[PDB]
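What follows is calculated from the coordinates using simple rules that are stated; it is not laboratory data. Cβ: placed from backbone, ideal geometry, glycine included. Neighbour counts: every protein chain shown.
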Amino acid sequence: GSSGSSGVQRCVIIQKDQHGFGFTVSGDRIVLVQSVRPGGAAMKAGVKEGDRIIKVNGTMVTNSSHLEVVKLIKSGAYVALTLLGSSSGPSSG
């Protein structure tokens with residue numbers, strides 16, 4: 001396929017703690033974490049704003065549309081999300 005230095009992506013799983021997750025995304029083609037609960041299953045998982053989703057429960061959503069991604073997240077207690085590249089700075093952020 002395309003030729004581009006394959007960055008580094010990790011797999012993070014979130015288990016519903018408060019009757020649901022604590023993160024939300026938005027985007028047609030590219031999906032990125034819009035917001036993150038101040039203490040939701042997502043925050044405790046390590047999900048920060050600006051994380052592109054690669055794989056979702058064995059379902060590649062690199063192109064899929066938000067909607068498709070949403071429903072997917074509503075499948076199973078938890079959801080294995082593969083984020084690529086994390087934030088890094090001198091400030092707690």
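Quick one: 3J(HN,Hα) in Hz for the range 57-62, Karplus 6.51/-1.76/1.60 with θ = phi - 60°, rounded, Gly and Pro as x.
Result, ordered by residue: 6, x, 10, 4, 10, 4 Hz.
Once you have a ≥ b ≥ c as the square roots of the Cα gyration tensor eigenvalues for the chain, tell me rounded if a/c is under 1.5, and otherwise prolate or oblate according to whether a/b is larger than b/c.
Values: a/c = 1.75, a/b = 1.11, b/c = 1.58.
It comes out oblate by the Cα gyration axes.
How charged is the neighbourhood of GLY40? Take every other residue with its Cβ under 14 Å from the Cβ of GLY40, and add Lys/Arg as +1 and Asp/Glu as -1. Mind showing how you got there, number by number?
Numbers: positive: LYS16, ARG37, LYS44, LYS48; negative: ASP17, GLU49.
Here the charged neighbours net out to +2.
Under 5 Å between amide hydrogens, which residues at least 5 positions from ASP51 or on another chain qualify, with H placed 1.01 Å from N in the peptide plane?
Under 5 Å from the amide H of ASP51: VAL33.
Over the chain, calculate the relative contact order: mean separation of alpha carbon pairs under 8 Å at least 6 apart, over the residue count, as a percent.
On the way: 161 pairs, mean separation 30.8, N = 93.
With pairs under 8 Å counted, the relative contact order is 33 percent.
Within a Cβ distance under 12 Å of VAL69, other residues only, what is the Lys/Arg minus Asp/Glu net charge?
On the way: positive: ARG29, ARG52, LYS55, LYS71, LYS74; negative: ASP28, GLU68.
Around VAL69, the charge tally is +3.
Applying the Karplus parametrisation 6.51 cos²θ - 1.76 cosθ + 1.60 with θ = phi - 60° to the phi angles of the range 31-36, what ³J(HN,Hα) value in whole Hz is obtained for each residue in order, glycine and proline being reported as x?
Going residue by residue, I get 9, 10, 4, 5, 10, 8 Hz, with x marking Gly and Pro.
HN-Hα J couplings of the range 10-24 from phi, Karplus 6.51/-1.76/1.60, θ = phi - 60°, integer Hz, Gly and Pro as x?
10, 9, 10, 10, 10, 9, 2, 10, 10, 6, x, 6, x, 9, 9
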